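Here is the structure we will look at.
Note that we place each Cβ from the backbone using ideal geometry, even for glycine, and neighbour counts take in every protein chain shown. Where a number appears in this text, it was derived from the coordinates with a stated rule and is not lab data.
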Amino acid sequence: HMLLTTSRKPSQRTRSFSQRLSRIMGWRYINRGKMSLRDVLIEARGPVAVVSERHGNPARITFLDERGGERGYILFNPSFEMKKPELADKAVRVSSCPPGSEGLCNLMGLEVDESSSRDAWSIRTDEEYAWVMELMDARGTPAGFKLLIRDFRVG
């Protein structure tokens, strides 16, 4: 459902993160090289997400519609282990979006699925972050991949 890319000249960590996330989501990943956003949108022919950084860390995901309108954005810090997540499917499901988190689900195109928590996201509150989005793997246990959400805005 989406093309993912990064801001221009990303660090190794931003690359690793974004390649990982796009695999998890089943989104098509492209190297940003030296393209403008306009040229990214031409290549995508469809919606795009851009992972941008501050100080060499991924810090924001911006979501665009196919014409380049900004759907919204998420400010976050990633938390991921070295081991590849074990997934049997695109992680396009979420177990629940509690009140106040619906925009996370809308931006990322997640569908609520109460039948199982495998290959799925869990959204919860945290003492430090606004939300933690944690990937549950093909066995429904923590995949070692989280989005630590500081804020998000839609529209």
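Check the stretch 116-126 and report whether any residue there is surrounded by 11 or more Cβ atoms within 10 Å (Cβ to Cβ), touching a helix residue (DSSP H, G or I) at 6+ places or on another chain (Cβ under 8 Å) and more than 23 Å from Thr62 (Cβ to Cβ).
No, there is no match, as no residue in the stretch 116-126 is surrounded by 11 or more Cβ atoms within 10 Å (Cβ to Cβ), touching a helix residue (DSSP H, G or I) at 6+ places or on another chain (Cβ under 8 Å) and more than 23 Å from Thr62 (Cβ to Cβ).
Return the total of residues in the stretch 54-78 being farther than 13 Å from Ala44 by Cβ, within 13 Å of the chain's Cα centre (by Cα) and not hydroxyl-bearing (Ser, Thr, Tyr).
The number of residues fulfilling the criteria is 10.
Considering only residues that are farther than 18 Å from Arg71 by Cβ, of a type in the set (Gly, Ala, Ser) and out of contact with any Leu (no Cβ under 6 Å at 6 or more places or on another chain), which ones fall in the stretch 103-143?
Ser115, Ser116, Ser117, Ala120, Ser122, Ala130, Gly140
Going through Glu134, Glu128 one at a time, which residue ends up being free of Cβ contacts under 8 Å to residues at least 24 places away in the same chain and in a loop (DSSP other than H, G, I, E, B)?
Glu128
Show the residue pairs meeting these rules: Cβ distance below 7 Å; 6+ apart or different chains; first residue within the stretch 1-26 and over 12 Å from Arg54 (Cα atoms) and in contact (Cβ under 8 Å) with a residue 60 or more places away in the chain; second residue among the hydroxyl-bearing types (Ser, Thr, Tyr) and crowded, with 16+ Cβ neighbours inside 10 Å.
none
Restricting to the stretch 27-56, count the residues that are acidic (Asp, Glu) and in contact (Cβ under 8 Å) with a residue 40 or more places away in the chain.
Number satisfying all stated conditions: 2.
Filter the stretch 64-82 down to residues that are part of a strand (DSSP E or B), hydrophobic (A, V, I, L, M, F, W, C) and without any contact (Cβ under 8 Å) to a residue 60 or more places away in the chain, then give me how many there are.
Looking only at that region, the number is 1.
Looking only at the stretch 13-48, how many residues end up being closer than 22 Å to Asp65 by Cβ, in contact with an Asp or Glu (Cβ under 9 Å, 6 or more places away or on another chain) and either outside any helix (DSSP H, G or I) or of a type in the set (S, T, N, Q) (or both)?
7
Hey, could you check the stretch 137-147 for residues that are in a strand (DSSP E or B) and more than 14 Å from the chain's Cα centre (by Cα) and say which is nearest to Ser95 (Cα to Cα)?
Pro142
For the stretch 15-61, enumerate the residues that are farther than 20 Å from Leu107 by Cα and buried (at least 18 other Cβ atoms within 10 Å of the Cβ).
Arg32
Go through the stretch 62-95 and count every residue that is closer than 25 Å to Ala138 by Cα, crowded, with 18+ Cβ neighbours inside 10 Å and not aromatic (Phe, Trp, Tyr).
8
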